[PDB]
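Just the one chain here, laid out as structure tokens, in the form deposited in one PDB entry.
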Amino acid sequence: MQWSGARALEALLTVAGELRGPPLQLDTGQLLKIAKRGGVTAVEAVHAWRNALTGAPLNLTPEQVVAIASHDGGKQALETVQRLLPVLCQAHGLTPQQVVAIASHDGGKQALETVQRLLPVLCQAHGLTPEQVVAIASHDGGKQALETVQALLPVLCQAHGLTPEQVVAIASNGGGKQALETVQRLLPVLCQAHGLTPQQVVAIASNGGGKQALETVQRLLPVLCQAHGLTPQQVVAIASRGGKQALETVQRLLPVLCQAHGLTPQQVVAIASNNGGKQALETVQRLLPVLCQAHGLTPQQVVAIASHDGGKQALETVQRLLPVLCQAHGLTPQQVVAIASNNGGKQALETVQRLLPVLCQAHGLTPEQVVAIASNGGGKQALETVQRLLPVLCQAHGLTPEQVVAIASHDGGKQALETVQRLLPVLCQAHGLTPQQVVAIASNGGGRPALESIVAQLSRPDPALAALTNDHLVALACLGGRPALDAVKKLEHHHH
């Protein structure tokens, strides 16, 4: 590709064509993902070692090879997985998937070598679990984070009062090293000068860019409180959810948004308190006029659309599509606002646009049912999964369309549908649950984990405490999902 070379392009494109063949069978999206991030050396490395990565002792799926290859240094990560996967699984007890997750970030090589070197000491001397070490390692710069937990976990616990879990949370994001050092430096001043609790500092620091959010809360908390009238809680929420950039934008736009456009401080805070809050704030300031007059909506509706991650994208997509969705497809504004007012609003809107007619015509759903599916977070995903799975769920597993639609009409609908497909046969035929009981467990937020937690308990039946008969577990699962089930595991281990 790179034009300090030529007809090297034929050689390169021919390498890519061959990956479409066996043992990987990569499709265009997969090659694209590799070329976009691992680059041409990752493309070449995947091709040179396609047999070794896909055979024993590694046995990686194509998708796992793609996940490793598609990051800066992917060639090194691929090399290093081949060397260390077996020892990490066998000697350190990790699964192949955990090794892959570690490997699948920029500088994956470094992270893999560092888990090898440090996992034991982190577990034995600092008391972490292997899962915790995996979570710290599985981000860009995971080497740095691992080494920084090793060096700092003791002072942060003993001098500053944090639990190991808190330290793990601060560490387990990109730039975990920086967030950890910055908490070490600034936790005292933030608690003593600005009146924050330890937990609030942890919350601010426990997201990508935590260092920056922390330094910015230090700098801007006084101004935002004593000049613009926000409370400390509100500053924390902004810092925690929208970071540095949202804090700076709030400082700039609070006056304009409140005085000129008529918003409450609460409303500005709510827009600010999400990933991309800066973008959401700047986009409501631009678009509030056109959205509210020029027919359209109330400020309250614009505020609701803006008040989710990707608010900017949702607002802009609502601007573009509200006319065509109401006029050509027959929806009301209110329905468009519901579809738009979740994370991924943009995506849900766009997917309703091209799928509303396919879902009614090719599968017999009504428009109202399509709106319901689309009006939760991940609407795009749920819609595409109903399109794909409705045939098989009805005709093989014997469910009704209304049942499929119920499962799909919660956040994570895609996950619940796919879990039902996977687990309905074993739940019914082997354990005596009815289809209706599986549907009822599935038709809640957290459907997938609740179905998986109920199968896990039914199949092992673990600690043979059978006073929870099948129907009781079904009711527990319906009422409180996995957490209800895990809690009851927690609560039995010896009071009984």
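In this text, rigid core is short for the largest set of C-alphas that superpose within 1.5 Å between two forms. We number the residues from 1 along the sequence you see.
Quick note: we don't show the form deposited in another entry, though the next part is all about it.
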field: Shifted position (C-alpha, 2 Å or more, core held fixed) between the shown form and the other one, chosen from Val337, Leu196, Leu393, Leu263
entry: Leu393
- request: Superpose on the rigid core, then tell me if the C-alpha of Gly364 is displaced by 2 angstroms or more between the shown form and the other one.
  value: yes
field: Core-superposed comparison between the shown form and the other one, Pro461 Cα displacement 2 Å or beyond
entry: yes
query: Is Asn470 one of the residues whose C-alpha moves 2 Å or more between the shown form and the other one after the core fit?
result: yes
